[PDB]
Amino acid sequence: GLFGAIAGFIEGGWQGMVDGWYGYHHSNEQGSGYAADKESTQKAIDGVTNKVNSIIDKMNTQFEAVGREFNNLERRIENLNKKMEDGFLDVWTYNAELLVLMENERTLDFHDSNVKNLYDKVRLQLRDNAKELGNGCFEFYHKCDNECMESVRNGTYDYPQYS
């Protein structure tokens, strides 16, 4: 993907994280667990919902075929009529299939972007107080309990305390 996170430096997803699209997994003396990041997840849900409705609505007004009859010495206009009706179906078929293709690609890269921005968000908090392992994980120099882990998810990781 364009942003290098999904199937990239983060090699795979988490079957164990069910309550969100993006989130954190911690492991310390007390235990381990998955916690979904609500903000980034809800933002993704909104973006995709609008996109689907935006797509639906743009296609909502489009060509409609109508039945028209012609006799045996009106073959030219019968044929003109057929080509007209068929021609618009090809145009609208093309529009639909292309839009899906183009926007599907953008949707997957959108998800990739959201993961990367969340990863960088954490990276920018921790700074040189943890080791950037290279796999999506940050390994702490200090012992980091469940409140410490929560401060990272909070956005409230107190860098000066653990420095």
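Don't overthink the numbering: it's just position in the shown sequence, from 1.
Just going by the entry, 85-93 versus 70-78 on mean CA temperature factor gives the higher value to 70-78.
Comparing 111-119 with 126-134, the higher mean C-alpha B-factor in the PDB entry belongs to 126-134. By the numbers in the PDB entry, the CA B factor is greatest at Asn60 among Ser54, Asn104, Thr41, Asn60. Ranked by Cα temperature factor within the chain, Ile10 sits in the lowest third according to the deposited record.
Per the deposited record, the Cα B-factor of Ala65 falls in the highest third when ranked against the other modelled residues of its chain. Ranked by C-alpha B-factor against the other modelled residues of its chain, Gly20 falls in the middle third.
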